[PDB]
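This document starts with one chain, in the form deposited in one PDB entry, laid out as structure tokens.
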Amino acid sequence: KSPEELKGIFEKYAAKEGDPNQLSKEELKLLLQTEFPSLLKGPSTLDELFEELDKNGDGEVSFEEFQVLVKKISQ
């Protein structure tokens, strides 16, 4: 998906609660489940990518971190 598309999806779930410019791990799980169900298949690397990308260790990732996460978890 294009970044413009990806931004709209990210915002929709981040808006659920907390900071509208961050996504917690649970918000990311609901987002993948409904938007990219195929990315949640077989052994997962979600927690490893999540831990590496959440640099400030606050349990949340920014839009650019999310983009990287979708990209990497896909290959």
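Only the largest set of C-alpha atoms that superpose within 1.5 Å between the two forms is called the rigid core. So that there is no doubt, residue numbering starts at 1 and follows the sequence shown.
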Checklist entry - Taking only the CA atoms, which stretch has the higher mean B-factor in the record, 8-16 or 48-56? => result 8-16
Next on the checklist: Mean CA temperature factor from the deposited coordinates, higher in 18-26 or in 62-70?
Outcome noted: 18-26
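What follows is about the form deposited in another entry, which we do not show.
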Item to check | C-alpha of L49 off by 2 Å or more between this form and the one not shown on rigid core | outcome: yes
Checklist entry - After fitting the rigid core, is the C-alpha of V70 off by 2 Å or more between this form and the one not shown? => result yes
